[PDB]
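Below is one structure; the comments refer to it alone.
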Amino acid sequence: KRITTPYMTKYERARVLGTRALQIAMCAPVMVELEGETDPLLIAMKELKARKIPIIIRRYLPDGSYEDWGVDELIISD
Amino acid sequence: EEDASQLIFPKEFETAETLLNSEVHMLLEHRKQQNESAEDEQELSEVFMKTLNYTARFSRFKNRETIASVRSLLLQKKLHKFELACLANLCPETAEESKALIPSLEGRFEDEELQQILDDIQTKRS
Amino acid sequence: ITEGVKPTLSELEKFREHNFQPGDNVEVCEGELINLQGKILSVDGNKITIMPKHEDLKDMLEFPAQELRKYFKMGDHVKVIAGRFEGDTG
Amino acid sequence: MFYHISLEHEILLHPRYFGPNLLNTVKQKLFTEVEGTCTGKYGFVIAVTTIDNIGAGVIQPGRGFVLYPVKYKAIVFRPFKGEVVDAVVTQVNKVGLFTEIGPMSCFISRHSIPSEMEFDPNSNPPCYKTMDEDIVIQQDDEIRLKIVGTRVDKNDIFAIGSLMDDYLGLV
Amino acid sequence: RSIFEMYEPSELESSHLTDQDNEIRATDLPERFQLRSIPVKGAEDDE
């Protein structure tokens, strides 16, 4: 019974990319085959394109409730 | 102020679950049996060893069935939770003895009503 | 300087201390109100005017510094302030 | 006395532990953490019996550290004043009698012990004899005692007793 | 007011002023015999 928009806002996308890049920089298991790159930000972008980032966004609503979305669940904008 | 003699404990502990000597003994024994298996595991510590060799010397009935029966025949009364573990672990001889032991029993029940319980406990003992 | 001296009994001898910290327990030595333990809330010099909170008595009485005595039930944390083994706990 | 309650604890997990064994690592960390410790609120924890559920990890901002609030059903040993518990005498000395209250070790003093219990230091194993003997409280013997005072020395429990009774101890 | 109510017990016992110290100074017999844990009583030839 989720009513929030099914698209990924730019703010959420940017924050998720930065967070995944940081987790990767701290030596973490990737969720996609690396074609031959070492930039953690690029790896996070590739992971986003592949839809394999193990992160779910907890969007809060004005009342107080919150809806948990998944990078592989909601549609990506860019 | 915290004095079990007068039946009074903090709020977080009032809703606790009482444990018996044989009960904790079998729990730690099952834990050890589960931990020794499956190689590549952090072995037990001195606390577990001392607790084990401490609770093993006070197992009044190793049979979980006897533990269940004793707790069931004990819970049928109107005594508080604190009165279930102390008495179940002590197992005194006579009613006057048990009353001198726990000052709360002084005037709480009848001499024979407690003597019968003590005799039942001593008989259920292994 | 001659004004502003106010000597003490130590000076008189050469030429009583009350260490009642809060949170401690004290009884009533002498007086009709004997055998009444209470908690320390207020601290002052001579006329301490302690306001104990005895058991079975929600009210708060008053006693001087001489009508008091550090009492602790058998078995509890005890710290020494002034003593041979000062700074020890048992 | 030993009890069984449900406690909660938040633990951070470094991004390196991500993978298929994430839950396993959280449980392993909880075991290595809340086992044999002591807190002034709940007392000394022996071990953990089980874990109710693993909360939803909240990745922190600007920190790869994600914290999980896990609730675990564990046993705790927090002795209070007035309780009576069993123990085994560990040593007898002229300064007092030593025992072992499970994860705790008490100590009794001659002043509390009756006037009958004199000393025997010249023998190899010291022992308090109730003046006219009739009952031995030597090492490796089951003795009860009433906790008349408790104390926690920085995650270290040590209570105190007394003795001048006969029917919960050694008969 | 007595000096014991003022001075600290540590300093009092360091200065030796308690009733026990007065007894040790007043009573005869060597100080090391009075301070021994067990008293030093007499003894007949049989013992």
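In the structure tokens, chains take letters A, B, ... by order of appearance, with residues numbered from 1 within each chain and ligands from 1 in the order shown.
The list of residues with at least one atom within 8 Å of segment 76-78 of chain A, based on only C-alpha atoms and without residues fewer than 3 positions apart in the same chain, reads residues 7, 8, 9, 10 and 71 of chain A.
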Which of chain A fall in strand (DSSP E or B), as a list in words: residues 7, 56, 57, 58, 59, 60, 66, 67, 68, 69, 70 and 75 of chain A
The selected residues should be written to file as an mmCIF file, in the first residue's frame (atoms: C-alpha atoms).
```cif
data_model
loop_
_atom_site.group_PDB
_atom_site.id
_atom_site.type_symbol
_atom_site.label_atom_id
_atom_site.label_comp_id
_atom_site.auth_asym_id
_atom_site.auth_seq_id
_atom_site.Cartn_x
_atom_site.Cartn_y
_atom_site.Cartn_z
ATOM 1 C CA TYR A 7 10.650 7.215 -9.732
ATOM 2 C CA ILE A 56 16.754 0.364 0.217
ATOM 3 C CA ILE A 57 15.721 3.982 0.708
ATOM 4 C CA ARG A 58 13.513 4.875 3.668
ATOM 5 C CA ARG A 59 11.451 7.818 2.454
ATOM 6 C CA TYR A 60 9.678 9.546 5.316
ATOM 7 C CA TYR A 66 7.953 5.825 6.090
ATOM 8 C CA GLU A 67 8.096 3.787 2.907
ATOM 9 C CA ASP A 68 11.065 1.586 2.124
ATOM 10 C CA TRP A 69 11.935 1.388 -1.526
ATOM 11 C CA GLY A 70 14.593 -0.641 -3.256
ATOM 12 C CA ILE A 75 12.271 2.798 -11.556
#
```
For chain A against chain D, which residues fall within 6 Å using only C-alpha atoms, given as a compact mmCIF listing (two decimals) with N, CA, C and O atoms, in the first residue's frame?
```txt
# COMPACT_ATOMS: atom_id res chain seq x y z
N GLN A 23 31.23 2.98 0.37
CA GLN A 23 31.30 1.60 0.85
C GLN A 23 32.30 0.79 0.04
O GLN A 23 33.02 -0.04 0.58
N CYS A 27 36.66 -1.03 0.84
CA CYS A 27 36.81 -2.46 0.63
C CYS A 27 35.53 -3.20 0.99
O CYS A 27 35.36 -3.63 2.13
N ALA A 28 34.63 -3.36 0.03
CA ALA A 28 33.37 -4.04 0.23
C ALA A 28 33.10 -4.86 -1.02
O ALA A 28 33.58 -4.51 -2.11
```
Contacts of residue 97 of chain B within 10 Å, only C-alpha atoms, excl. fewer than 6 positions in-chain, as a list in words: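 Once the adjacent positions are removed, what remains is residues 114, 115 and 118 of chain B; 166, 167 and 168 of chain D.
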Kindly export the residues of the current selection with C-alpha atoms, as a CSV table (one decimal), in the first residue's frame.
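The resulting part_4.csv:
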```csv
chain,number,residue,atom,x,y,z
B,114,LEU,CA,4.4,-26.3,53.7
B,115,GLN,CA,5.6,-29.5,55.2
B,118,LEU,CA,8.8,-29.9,51.3
D,166,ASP,CA,22.1,-23.8,61.0
D,167,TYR,CA,19.5,-25.0,58.5
D,168,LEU,CA,20.4,-23.4,55.1
```
Between atom CA of residue 76 of chain C and atom CA of residue 161 of chain D, what is the distance, to one decimal in Å?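 For atom CA of residue 76 of chain C relative to atom CA of residue 161 of chain D, the distance reads 10.8 Å.
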